[PDB]
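Chemist: If it helps, the file is called run.txt and holds compact mmCIF, C-alpha atoms:
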# COMPACT_ATOMS: atom_id res chain seq x y z
CA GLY A 1 -4.32 -1.47 15.44
CA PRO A 2 -4.98 -2.29 11.65
CA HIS A 3 -1.90 -3.96 10.15
CA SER A 4 -0.14 -5.10 6.64
CA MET A 5 -0.47 -8.34 4.34
CA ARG A 6 0.93 -8.05 0.96
CA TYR A 7 2.86 -9.91 -1.67
CA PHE A 8 3.77 -7.62 -4.51
CA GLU A 9 5.11 -9.94 -7.17
CA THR A 10 6.15 -9.26 -10.82
CA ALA A 11 7.74 -11.21 -13.62
CA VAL A 12 8.93 -8.91 -16.40
CA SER A 13 9.78 -10.27 -19.84
CA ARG A 14 13.29 -9.78 -20.85
CA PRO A 15 13.57 -9.45 -24.70
CA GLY A 16 17.40 -9.81 -25.08
CA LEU A 17 18.70 -11.64 -22.16
CA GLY A 18 15.86 -13.94 -22.53
CA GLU A 19 14.06 -15.24 -19.58
CA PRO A 20 11.74 -12.94 -17.43
CA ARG A 21 12.79 -11.17 -14.14
CA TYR A 22 10.80 -12.08 -11.18
CA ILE A 23 10.80 -10.38 -7.77
CA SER A 24 8.69 -11.32 -4.76
CA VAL A 25 8.33 -8.82 -1.94
CA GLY A 26 6.55 -9.39 1.36
CA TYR A 27 5.24 -6.33 3.32
CA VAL A 28 4.56 -6.53 6.90
CA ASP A 29 3.49 -2.80 7.93
CA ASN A 30 4.72 -0.65 5.81
CA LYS A 31 7.64 -2.69 6.16
CA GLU A 32 9.59 -5.22 4.11
CA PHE A 33 10.02 -8.80 5.45
CA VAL A 34 11.37 -10.46 2.51
CA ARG A 35 12.30 -10.09 -1.06
CA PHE A 36 13.71 -12.60 -3.46
CA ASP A 37 14.90 -12.02 -7.04
CA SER A 38 15.39 -14.48 -9.87
CA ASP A 39 18.27 -12.32 -11.06
CA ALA A 40 20.41 -12.40 -7.92
CA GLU A 41 23.32 -14.73 -8.41
CA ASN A 42 21.59 -17.46 -6.41
CA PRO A 43 17.84 -16.88 -6.23
CA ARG A 44 16.37 -17.31 -2.76
CA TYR A 45 14.31 -15.24 -0.44
CA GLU A 46 16.31 -13.16 1.92
CA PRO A 47 15.05 -11.73 5.23
CA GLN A 48 14.63 -8.06 5.05
CA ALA A 49 13.33 -7.19 8.51
CA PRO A 50 16.47 -8.30 10.73
CA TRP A 51 14.12 -10.05 13.12
CA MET A 52 13.31 -12.28 10.12
CA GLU A 53 16.77 -13.99 10.67
CA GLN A 54 15.12 -15.39 13.82
CA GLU A 55 13.32 -17.64 11.41
CA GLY A 56 14.29 -21.25 10.89
CA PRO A 57 15.88 -22.24 7.44
CA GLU A 58 13.16 -24.75 6.95
CA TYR A 59 11.11 -21.59 6.45
CA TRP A 60 13.66 -20.58 3.93
CA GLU A 61 13.37 -23.63 1.72
CA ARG A 62 9.85 -24.43 2.50
CA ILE A 63 9.38 -20.79 1.03
CA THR A 64 12.15 -20.34 -1.68
CA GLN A 65 10.62 -23.44 -3.16
CA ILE A 66 7.32 -21.67 -3.43
CA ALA A 67 9.35 -19.08 -5.37
CA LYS A 68 11.29 -21.38 -7.68
CA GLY A 69 7.99 -22.87 -8.33
CA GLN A 70 5.97 -19.56 -8.47
CA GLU A 71 8.53 -18.08 -10.87
CA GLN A 72 7.54 -20.91 -13.11
CA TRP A 73 3.89 -19.79 -13.53
CA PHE A 74 4.51 -16.10 -14.41
CA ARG A 75 6.27 -17.23 -17.50
CA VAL A 76 3.51 -19.37 -18.75
CA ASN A 77 1.01 -16.58 -18.05
CA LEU A 78 2.99 -14.00 -19.78
CA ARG A 79 2.79 -16.00 -23.03
CA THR A 80 -0.81 -16.96 -22.52
CA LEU A 81 -1.60 -13.19 -22.34
CA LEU A 82 0.38 -12.60 -25.54
CA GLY A 83 -2.30 -14.47 -27.42
CA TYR A 84 -5.40 -12.67 -26.21
CA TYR A 85 -3.69 -9.32 -26.48
CA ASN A 86 -1.99 -10.23 -29.83
CA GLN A 87 1.54 -9.26 -29.21
CA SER A 88 4.89 -10.42 -30.47
CA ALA A 89 7.59 -11.96 -28.28
CA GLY A 90 10.45 -9.55 -29.12
CA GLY A 91 8.88 -7.05 -26.76
CA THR A 92 8.67 -6.27 -23.03
CA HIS A 93 5.75 -7.16 -20.76
CA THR A 94 4.82 -6.93 -17.13
CA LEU A 95 2.42 -8.97 -15.07
CA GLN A 96 2.10 -7.63 -11.52
CA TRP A 97 0.18 -9.25 -8.61
CA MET A 98 -1.01 -8.12 -5.26
CA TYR A 99 -2.44 -10.02 -2.33
CA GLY A 100 -2.69 -10.07 1.38
CA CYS A 101 -4.91 -10.53 4.41
CA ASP A 102 -6.25 -7.25 5.70
CA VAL A 103 -4.88 -7.48 9.17
CA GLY A 104 -7.25 -6.19 11.95
CA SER A 105 -6.63 -4.32 15.28
CA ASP A 106 -6.96 -7.34 17.80
CA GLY A 107 -6.75 -10.41 15.64
CA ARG A 108 -9.45 -10.72 13.01
CA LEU A 109 -9.35 -9.76 9.35
CA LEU A 110 -11.69 -7.48 7.55
CA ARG A 111 -10.31 -7.42 3.88
CA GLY A 112 -9.19 -9.89 1.20
CA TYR A 113 -6.85 -8.78 -1.56
CA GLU A 114 -6.19 -10.63 -4.78
CA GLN A 115 -5.56 -8.45 -7.80
CA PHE A 116 -3.63 -9.00 -11.04
CA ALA A 117 -2.52 -6.39 -13.63
CA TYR A 118 -1.11 -7.05 -17.00
CA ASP A 119 1.05 -4.49 -18.69
CA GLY A 120 0.30 -1.64 -16.23
CA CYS A 121 -3.48 -1.66 -16.02
CA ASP A 122 -5.55 -4.10 -13.82
CA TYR A 123 -6.29 -7.45 -15.54
CA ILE A 124 -8.18 -9.66 -13.25
CA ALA A 125 -9.32 -9.01 -9.66
CA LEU A 126 -10.94 -10.79 -6.71
CA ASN A 127 -13.71 -8.97 -4.92
CA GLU A 128 -14.19 -7.79 -1.04
CA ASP A 129 -16.55 -10.37 -0.52
CA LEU A 130 -13.87 -13.00 -1.28
CA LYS A 131 -16.02 -15.10 -3.58
CA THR A 132 -16.53 -13.02 -6.83
CA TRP A 133 -14.38 -11.49 -9.65
CA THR A 134 -14.08 -8.37 -11.78
CA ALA A 135 -12.30 -8.49 -15.26
CA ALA A 136 -11.35 -5.33 -17.23
CA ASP A 137 -11.92 -6.40 -20.75
CA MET A 138 -12.85 -9.22 -22.99
CA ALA A 139 -9.40 -11.01 -22.99
CA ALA A 140 -8.88 -10.51 -19.34
CA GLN A 141 -12.50 -11.55 -19.28
CA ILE A 142 -11.54 -14.96 -20.69
CA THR A 143 -9.47 -15.81 -17.58
CA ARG A 144 -12.60 -14.93 -15.71
CA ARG A 145 -15.21 -17.40 -16.93
CA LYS A 146 -12.73 -20.20 -16.78
CA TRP A 147 -11.16 -19.61 -13.33
CA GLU A 148 -14.76 -19.12 -12.36
CA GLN A 149 -15.83 -22.75 -12.84
CA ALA A 150 -12.76 -24.29 -11.56
CA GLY A 151 -12.74 -22.78 -8.15
CA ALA A 152 -10.11 -20.09 -7.81
CA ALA A 153 -12.06 -17.97 -5.33
CA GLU A 154 -12.50 -20.94 -3.06
CA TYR A 155 -8.74 -21.76 -3.12
CA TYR A 156 -7.80 -18.18 -2.36
CA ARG A 157 -10.61 -17.65 0.35
CA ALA A 158 -9.06 -20.61 1.96
CA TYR A 159 -5.71 -18.94 1.99
CA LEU A 160 -6.81 -15.51 2.84
CA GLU A 161 -8.34 -16.55 6.04
CA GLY A 162 -5.85 -19.16 6.73
CA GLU A 163 -2.13 -19.67 6.35
CA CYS A 164 -2.15 -16.05 5.93
CA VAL A 165 -3.03 -14.44 9.03
CA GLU A 166 -1.44 -17.30 11.20
CA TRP A 167 1.64 -16.11 9.64
CA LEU A 168 0.87 -12.39 9.82
CA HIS A 169 0.42 -12.82 13.58
CA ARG A 170 3.83 -14.53 13.65
CA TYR A 171 5.74 -11.72 12.08
CA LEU A 172 3.44 -9.42 14.01
CA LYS A 173 4.73 -10.82 17.34
CA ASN A 174 8.21 -11.57 16.09
CA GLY A 175 8.24 -8.32 14.95
CA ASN A 176 7.20 -5.85 17.33
CA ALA A 177 10.00 -3.96 18.96
CA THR A 178 11.16 -3.17 15.53
CA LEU A 179 7.78 -2.32 13.84
CA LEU A 180 7.00 0.31 16.52
CA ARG A 181 9.87 2.71 16.04
CA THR A 182 9.75 5.99 14.93
CA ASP A 183 11.63 9.24 14.18
CA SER A 184 10.97 12.81 15.17
CA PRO A 185 11.18 15.38 12.30
CA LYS A 186 14.26 17.29 12.48
CA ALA A 187 12.92 20.56 11.18
CA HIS A 188 13.66 24.16 10.16
CA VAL A 189 13.27 26.87 7.53
CA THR A 190 15.29 28.62 4.83
CA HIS A 191 15.05 31.98 3.20
CA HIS A 192 15.95 32.12 -0.49
CA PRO A 193 17.30 34.04 -3.34
CA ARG A 194 13.96 34.71 -4.70
CA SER A 195 11.48 36.83 -6.56
CA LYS A 196 11.16 40.10 -7.08
CA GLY A 197 11.52 40.96 -3.73
CA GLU A 198 9.50 37.86 -2.68
CA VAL A 199 11.74 35.56 -0.68
CA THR A 200 10.93 31.85 -0.98
CA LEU A 201 11.09 30.26 2.47
CA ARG A 202 11.01 26.58 3.27
CA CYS A 203 10.10 24.22 6.09
CA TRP A 204 12.21 21.12 5.81
CA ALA A 205 11.36 18.01 7.70
CA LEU A 206 14.61 16.40 6.99
CA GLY A 207 14.53 12.70 7.73
CA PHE A 208 11.62 11.27 10.16
CA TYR A 209 10.29 8.06 10.87
CA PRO A 210 7.55 6.83 9.32
CA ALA A 211 6.16 8.48 6.23
CA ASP A 212 3.38 10.12 7.48
CA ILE A 213 3.61 13.86 8.31
CA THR A 214 1.92 16.91 6.98
CA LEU A 215 3.26 20.44 7.64
CA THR A 216 1.47 23.83 7.35
CA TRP A 217 2.08 27.56 7.43
CA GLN A 218 0.47 30.25 9.28
CA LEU A 219 0.06 33.75 8.15
CA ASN A 220 -0.02 34.52 11.56
CA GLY A 221 -3.74 33.88 11.71
CA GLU A 222 -4.40 31.23 9.02
CA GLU A 223 -3.04 28.02 7.48
CA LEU A 224 -2.29 29.12 4.02
CA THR A 225 -3.14 26.05 2.47
CA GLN A 226 -4.95 27.06 0.04
CA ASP A 227 -1.40 28.17 -1.35
CA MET A 228 1.19 25.77 -3.14
CA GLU A 229 4.82 23.92 -2.55
CA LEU A 230 5.54 21.08 -0.73
CA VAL A 231 7.14 18.05 -1.96
CA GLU A 232 6.25 14.30 -2.29
CA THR A 233 7.46 12.71 0.83
CA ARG A 234 10.75 11.35 -0.43
CA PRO A 235 13.04 8.69 1.12
CA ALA A 236 16.54 9.23 2.17
CA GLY A 237 17.95 6.90 2.21
CA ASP A 238 18.95 5.78 5.29
CA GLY A 239 15.49 4.67 6.22
CA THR A 240 13.86 8.00 6.97
CA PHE A 241 12.04 10.63 4.93
CA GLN A 242 12.06 14.20 3.93
CA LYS A 243 9.41 16.66 3.00
CA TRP A 244 9.61 20.38 2.27
CA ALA A 245 6.62 22.75 1.84
CA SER A 246 6.83 26.49 1.19
CA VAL A 247 5.65 30.00 0.47
CA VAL A 248 6.34 33.40 -0.92
CA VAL A 249 6.90 36.40 1.40
CA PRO A 250 7.26 40.04 0.97
CA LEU A 251 10.88 41.49 1.19
CA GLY A 252 11.57 41.72 4.73
CA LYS A 253 7.82 41.04 5.37
CA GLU A 254 8.61 38.60 7.83
CA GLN A 255 5.44 39.85 9.60
CA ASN A 256 3.87 36.98 10.76
CA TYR A 257 4.40 33.58 9.00
CA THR A 258 4.56 30.44 10.98
CA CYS A 259 4.51 26.65 10.37
CA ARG A 260 3.16 23.48 12.21
CA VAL A 261 4.77 20.14 11.81
CA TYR A 262 2.50 16.98 12.39
CA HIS A 263 4.15 13.68 12.86
CA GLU A 264 2.85 11.22 15.27
CA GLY A 265 5.97 10.38 16.29
CA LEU A 266 5.94 13.76 17.78
CA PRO A 267 3.76 15.91 20.27
CA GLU A 268 3.73 19.35 18.43
CA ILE B 1 -0.51 2.31 -21.01
CA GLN B 2 3.08 3.48 -20.17
CA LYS B 3 4.30 6.04 -17.71
CA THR B 4 6.68 8.90 -17.95
CA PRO B 5 8.67 9.11 -14.60
CA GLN B 6 9.05 11.95 -12.14
CA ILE B 7 12.51 12.70 -10.88
CA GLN B 8 13.92 14.50 -7.83
CA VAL B 9 17.52 15.08 -7.09
CA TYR B 10 18.66 15.60 -3.54
CA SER B 11 20.96 16.18 -0.64
CA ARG B 12 20.62 13.09 1.65
CA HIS B 13 21.96 15.29 4.46
CA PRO B 14 21.98 18.99 4.11
CA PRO B 15 24.83 20.17 1.83
CA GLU B 16 27.55 22.21 3.45
CA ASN B 17 29.83 22.63 0.49
CA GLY B 18 32.82 21.04 1.09
CA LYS B 19 32.33 18.18 3.70
CA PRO B 20 30.47 14.98 2.12
CA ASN B 21 26.89 14.14 1.39
CA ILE B 22 24.84 11.65 -0.46
CA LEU B 23 23.03 12.33 -3.67
CA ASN B 24 19.82 10.60 -4.42
CA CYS B 25 18.11 10.17 -7.75
CA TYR B 26 14.55 9.40 -6.81
CA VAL B 27 12.63 8.13 -9.83
CA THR B 28 8.93 7.51 -9.46
CA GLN B 29 5.70 6.32 -11.13
CA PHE B 30 6.51 4.73 -14.38
CA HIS B 31 5.83 1.64 -16.53
CA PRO B 32 7.53 -0.41 -17.71
CA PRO B 33 10.30 -1.32 -14.99
CA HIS B 34 13.19 -0.79 -17.47
CA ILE B 35 14.99 2.40 -16.43
CA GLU B 36 18.32 4.07 -17.13
CA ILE B 37 19.76 6.45 -14.54
CA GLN B 38 23.03 8.21 -15.31
CA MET B 39 24.23 10.50 -12.56
CA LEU B 40 26.71 13.18 -13.74
CA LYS B 41 29.38 15.25 -11.94
CA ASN B 42 29.95 17.96 -14.03
CA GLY B 43 29.14 16.88 -17.32
CA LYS B 44 30.02 13.17 -17.17
CA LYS B 45 29.03 9.74 -15.86
CA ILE B 46 29.55 9.00 -12.21
CA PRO B 47 30.91 5.89 -11.68
CA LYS B 48 29.29 4.64 -8.61
CA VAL B 49 25.92 3.96 -8.87
CA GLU B 50 23.92 2.31 -6.06
CA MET B 51 20.37 1.42 -7.29
CA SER B 52 18.23 0.53 -4.27
CA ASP B 53 15.76 -1.99 -5.22
CA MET B 54 12.42 -2.10 -7.27
CA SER B 55 9.19 -1.91 -5.52
CA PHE B 56 6.09 -0.99 -7.32
CA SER B 57 3.07 0.64 -5.68
CA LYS B 58 -0.78 0.26 -5.60
CA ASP B 59 -1.33 1.77 -9.08
CA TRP B 60 1.20 -0.80 -10.22
CA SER B 61 3.75 1.95 -10.74
CA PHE B 62 7.44 1.22 -10.22
CA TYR B 63 10.21 3.15 -8.45
CA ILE B 64 13.77 2.84 -7.34
CA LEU B 65 16.26 4.76 -5.27
CA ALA B 66 19.44 5.60 -7.35
CA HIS B 67 22.37 7.34 -5.65
CA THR B 68 26.03 8.34 -5.22
CA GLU B 69 28.70 10.37 -3.30
CA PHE B 70 29.71 14.05 -3.52
CA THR B 71 31.66 16.88 -1.94
CA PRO B 72 29.04 19.66 -2.77
CA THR B 73 30.64 22.75 -4.26
CA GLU B 74 30.87 26.32 -5.29
CA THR B 75 31.96 24.87 -8.58
CA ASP B 76 30.40 21.50 -9.83
CA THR B 77 26.98 20.80 -11.34
CA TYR B 78 25.67 17.26 -10.79
CA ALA B 79 22.59 15.81 -12.40
CA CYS B 80 20.59 12.70 -13.05
CA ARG B 81 19.46 11.36 -16.37
CA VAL B 82 16.80 8.87 -16.97
CA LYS B 83 16.50 7.02 -20.21
CA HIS B 84 13.09 5.22 -20.20
CA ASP B 85 11.00 3.86 -23.02
CA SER B 86 8.07 6.11 -22.28
CA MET B 87 10.06 9.25 -23.01
CA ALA B 88 11.07 10.01 -26.62
CA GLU B 89 14.56 11.37 -25.78
CA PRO B 90 15.99 11.68 -22.14
CA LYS B 91 15.44 13.62 -18.96
CA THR B 92 18.40 15.26 -17.19
CA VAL B 93 17.50 16.94 -13.92
CA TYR B 94 19.71 19.17 -11.73
CA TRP B 95 20.53 19.13 -8.01
CA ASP B 96 19.45 22.56 -6.73
CA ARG B 97 20.68 23.55 -3.23
CA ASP B 98 17.28 24.93 -2.26
CA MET B 99 15.11 22.10 -3.37
CA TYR C 1 4.12 -16.96 3.54
CA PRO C 2 3.15 -16.61 -0.12
CA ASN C 3 0.82 -19.09 -1.78
CA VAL C 4 1.03 -21.44 -4.68
CA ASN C 5 -0.61 -20.12 -7.74
CA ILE C 6 -2.16 -23.26 -9.11
CA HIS C 7 -4.30 -22.25 -11.91
CA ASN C 8 -3.30 -20.94 -15.29
CA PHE C 9 -4.35 -17.82 -17.04
For this file, write the structure as structure tokens.
Modeler:
Amino acid sequence: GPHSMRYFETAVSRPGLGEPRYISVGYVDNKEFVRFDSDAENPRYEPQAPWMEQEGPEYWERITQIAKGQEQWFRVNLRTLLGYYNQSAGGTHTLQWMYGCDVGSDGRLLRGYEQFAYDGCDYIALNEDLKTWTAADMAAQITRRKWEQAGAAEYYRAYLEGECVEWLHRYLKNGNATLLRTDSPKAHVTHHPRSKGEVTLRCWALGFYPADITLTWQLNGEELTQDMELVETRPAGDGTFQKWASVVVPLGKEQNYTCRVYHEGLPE
Amino acid sequence: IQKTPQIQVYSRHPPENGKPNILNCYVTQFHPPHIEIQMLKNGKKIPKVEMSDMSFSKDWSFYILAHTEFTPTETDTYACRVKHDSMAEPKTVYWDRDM
Amino acid sequence: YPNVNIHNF
């Protein structure tokens, strides 16, 4: 059932400390697996998912080395972008990168990710088909025709079918007991000091495993939902979430109004 | 392009004023990843400020979970304040018992 | 397992 690859990496130019902050976060589901930060006293990758401890420390070095070493490119690419985009060096800048192997239900992959963004908007990105690129503008477009010749797609293609998934499958199996969980919404409603006479009443989730839930109100007959509050599913921050969605009601006009909570992690 | 964040202040467990609870400053969808978050009791700084780490999402936007400790009250107002280079002057947002 | 970057900008 169809299943997470990503490395969300960023190096962000410090102006007055001086050297740029780099973080490298691995996501197996929705889930962490590892993070690393140049800033932490001693920079290494640390296991995020506890099952990750059941990983040899050859994996640690073998990998933190790829970080010490990766760190080292971001810097050089930050300055190289400074030129095209004509910026100073006394200012802040952010190169972000995203990649992964688009999992699959049974074992095979379906999608290749390889996108870069410089200073908030997309810079350079690898297409679906893994061979071809898409640049945003002329300077970003210079990275394009060069990379092009040399063979960057090939080198990534290699890796997106390869090392990638082998590994995904690893964490996937050395994962699973922990990736399955889940948390039932612990719900309710609240009447409030509101309106005119128009009580505001709210359906609070408040903290459920894993992010996905939607909750609706019933007149008695209909799902209002053509009508307004809810809230962005927020963390907690123990590792659960909370959502609240609501309506207006006459004063004492209780008459009818219901709500349905949907969280499969839950048979409502 | 640079983003102006969206804040939310909130009871980590429902407030029952006067037993504990956690307060979260949830700051979302901004750029650049330089953010200041001052939580305030009444009117002042708080010390104790746990800032849970930076992840950024698919539109490259950043976000972090800021947060402290409080005995909710009849009395005290607590708030969050986010200095960020996208905003001209700051954002101070209040914890409201209903939201 | 991340992957070496190995070509400049």
Chemist: Skip residue A:241 itself and residues of its chain fewer than 5 positions away, then list as a VMD selection string all residues within 12 Å of it, counting all atoms listed in the file.
Modeler: (chain A and resid 182 to 187 204 to 213 231 to 236 263) or (chain B and resid 10 to 13)
Chemist: When the cut-off is 7 Å and we count all atoms listed in the file, which residues of chain A are near chain C, given as a PyMOL selection string?
Modeler: chain A and resi 7+63+66+70+77+80+143+164+167
Chemist: Go through A:141, A:88, A:220, A:38 and flag the residue nearest residue A:260, using all atoms listed in the file for the distances.
Modeler: A:220
Chemist: Can you pull out the residues contacting residue A:123? Cut-off 7 Å, using all atoms listed in the file, and skip same-chain residues under 6 positions away; I want them as a VMD selection string.
Modeler: chain A and resid 116 to 117 135 to 136 140
Chemist: Please give the centre and size of the box around stretch 6-9 of chain C (axis-aligned, containing every atom listed in the file, 6 Å added per side), with values in Å to one decimal and written as lines of an AutoDock Vina configuration file.
Modeler:
center_x = -3.3
center_y = -20.5
center_z = -13.1
size_x = 14.2
size_y = 17.4
size_z = 19.9
Chemist: Would you mind putting back N, CA and C atoms on chain C, then writing it out as a compact mmCIF listing (two decimals), keeping the file's coordinate frame?
Modeler:
# COMPACT_ATOMS: atom_id res chain seq x y z
N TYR C 1 4.21 -15.71 4.28
CA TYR C 1 4.12 -16.96 3.54
C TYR C 1 3.30 -16.73 2.27
N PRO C 2 3.93 -16.84 1.08
CA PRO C 2 3.15 -16.61 -0.12
C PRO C 2 2.31 -17.86 -0.38
N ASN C 3 1.64 -17.93 -1.53
CA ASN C 3 0.82 -19.09 -1.78
C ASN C 3 0.90 -19.48 -3.22
N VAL C 4 0.95 -20.80 -3.40
CA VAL C 4 1.03 -21.44 -4.68
C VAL C 4 -0.14 -20.95 -5.49
N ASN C 5 0.22 -20.67 -6.71
CA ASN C 5 -0.61 -20.12 -7.74
C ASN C 5 -1.60 -21.06 -8.43
N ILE C 6 -1.25 -22.16 -8.82
CA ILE C 6 -2.16 -23.26 -9.11
C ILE C 6 -3.49 -23.12 -9.88
N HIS C 7 -3.46 -22.16 -10.76
CA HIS C 7 -4.30 -22.25 -11.91
C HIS C 7 -3.99 -21.22 -12.91
N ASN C 8 -3.69 -21.72 -14.12
CA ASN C 8 -3.30 -20.94 -15.29
C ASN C 8 -4.18 -19.87 -15.75
N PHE C 9 -3.61 -18.99 -16.57
CA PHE C 9 -4.35 -17.82 -17.04
C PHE C 9 -5.51 -17.82 -18.05
